[PDB]
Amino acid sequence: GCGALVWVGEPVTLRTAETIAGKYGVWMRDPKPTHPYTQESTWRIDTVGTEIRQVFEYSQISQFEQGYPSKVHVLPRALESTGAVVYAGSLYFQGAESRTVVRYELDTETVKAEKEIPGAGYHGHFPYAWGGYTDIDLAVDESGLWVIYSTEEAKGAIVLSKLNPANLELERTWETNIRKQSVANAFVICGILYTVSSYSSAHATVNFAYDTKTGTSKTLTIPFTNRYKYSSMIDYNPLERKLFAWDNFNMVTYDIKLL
């Protein structure tokens, strides 16, 4: 059952990248797995380099922990930053030097939809506090697919849109009063957008919650540990009820509890 976030566990490290190209990246499982994948299927994308086009796939968690992909997908265009998600058999990612979200069906290796996110800043315009090109952050929660961004119209405040997963049409949009560049990262749980205060502190907090049901925000002080002091990616998986994160070469999870 859904509820507000009340607790975040301490990070558990599943894999440590062995090259500097893995200092930051995105890794994830599918909260709505579809044949031929399972809830154990894992994807991993190192994103420090240029021309990021290869997506590593692991059919078993033990393969992921040992660093041995079972498949490698080649994307037809390059991918930007750490914000991508997998949902219902597709990778949703941002095209390099663009504000375009691309739907890449993993089993057929085909692009099924593209969508320019209207007004979205990109390429270091509205990054998170972590910097880089973290302007556009996709998210999956219990009700489906979302994208987190900002616009000049919103003057840098986080904008949140719900997306049709088949054709990437924007179904609804909310404008917060939370400055995107002031928070380390963000994610959605049960229709509530949460932000993290710091990418480096061992005593950070989940520090804001914006509820889409009310269109209002509140402060929070839920403790959050950046164990390795450089978190580039923090997302939520509603099937596992865990945060998945990338922190200074380490692919980690945080258990969460809801009220």
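In case it trips you up, residue 1 is the first one in the sequence shown, and so on.
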Next on the checklist: If you average the CA temperature factors as listed in the entry, which stretch comes out higher, 189-197 or 36-44?
Outcome noted: 36-44
Next on the checklist: Highest mean C-alpha temperature factor of the two stretches 144-152 and 166-174, which is it?
Outcome noted: 166-174
Next on the checklist: Sorting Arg103, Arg77, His123, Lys180 by Cα temperature factor from the record, which one lands on top?
Outcome noted: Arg77
Checklist entry - Which one, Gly119, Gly83, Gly89, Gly132, has the peak C-alpha temperature factor per the PDB entry? => result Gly119
Checklist outcome for this item: Binned into thirds over the chain's modelled residues, the C-alpha B-factor of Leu138 lands in the lowest
Checklist outcome for this item: Assert third(CA B-factor, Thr16) within chain per record equals highest
Next on the checklist: Per the entry's values, where does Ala209 land by CA temperature factor relative to the rest of its chain, in the lowest, middle or highest third?
Outcome noted: middle
Checklist entry - Which third, lowest, middle or highest, does the CA B-factor of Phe64 fall in along this chain? => result highest
Checklist entry - Should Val6 be placed in the lowest, middle or highest third of its chain by the C-alpha B factor in the entry? => result middle
